[PDB]
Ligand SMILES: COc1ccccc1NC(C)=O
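Below sits a lone chain in structure tokens, taken as the form solved without the ligand.
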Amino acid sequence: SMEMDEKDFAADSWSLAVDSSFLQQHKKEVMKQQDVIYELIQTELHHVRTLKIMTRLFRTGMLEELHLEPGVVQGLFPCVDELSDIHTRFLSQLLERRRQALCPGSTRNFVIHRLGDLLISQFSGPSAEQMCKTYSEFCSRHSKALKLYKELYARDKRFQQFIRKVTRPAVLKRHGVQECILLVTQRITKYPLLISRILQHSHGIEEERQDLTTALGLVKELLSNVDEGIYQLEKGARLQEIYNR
């Protein structure tokens, strides 16, 4: 993550991120709504960051230092460039909505009143088709990626030294290869939980409650679609095993 965004999302909540004199100007309900919106953006910032560790630290490091067979790095990190493109674009929109809302003379005091429309746009049309296609492909190659990682770590000395070296810093404690893959898989099912709690504190404006209710519906449609398009790929699976599923 870039320093500017880390500092903007360093506090545990929106109420601790804004100036206490700005906080005092809002009702309890608005503070509760803003706390959950900040949690969604802070968690999106961390998710994009997980994808950067996978592309820049792991994937790219293996291509430039190790001698792996063609298609090995792709099997370890399936769809990572596609995933990074979806979530970096979604993060840019969420961060621009926060920035537009900043008070003049402030880099931290803001209120987001209209998140619903952004969520309806993200989980509809082409971008929803791309999320469905990319996660259906990623989640079906998840087990193959894990088994390929374990085989390499156990049989290749240079691969094991590479892993131990780039995962040694304490800031990478939660982000080993297998942990990054499970963080990405679990991201999509975090969305209805966050959106439902935002909705619970967004009854003040009838239009906003309707837009969040629609966006929650679209997220659930996407999840049901991804869930139904998953079939775990197995390295060495024979056709007979596949059509006898």
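Numbers follow the displayed sequence, beginning with 1. Think of the rigid core as the biggest set of C-alphas that the two forms share within 1.5 Å after superposition.
In terms of root mean square C-alpha deviation after superposing on the rigid core in 9 other deposited structures of this protein, the stretch standing farther out between 41-49 and 63-71 is 63-71. Remark: stretch with higher mean C-alpha B factor among 23-31 and 178-186 is 23-31.
Here 190-198 and 60-68 are compared by their mean Cα B-factor, and 60-68 comes out higher. In this PDB entry, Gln93 carries a Cα temperature factor that places it within the lowest third of its chain's modelled residues. Ranked within its chain, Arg141 lands in the lowest third, by CA B factor from the PDB record. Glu241 sits in the highest third of its chain by CA B factor, as recorded in the PDB entry. In the deposited entry, the Cα temperature factor of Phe110 sits in the bottom third of values across the chain's modelled residues.
Among the modelled residues of its chain, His87 has a C-alpha B-factor that falls in the lowest third according to the deposited record.
Another form, the form solved in complex with the ligand, is not on view; read the next lines as being about it.
The ligand is not shown here, but in the deposited complex it comes within 4.5 Å of a heavy atom of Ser106. Counting a residue when any of its non-hydrogen atoms is within 4.5 Å of the ligand in the deposited complex, the hits in 16-42 run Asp19, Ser21, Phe22, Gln25.
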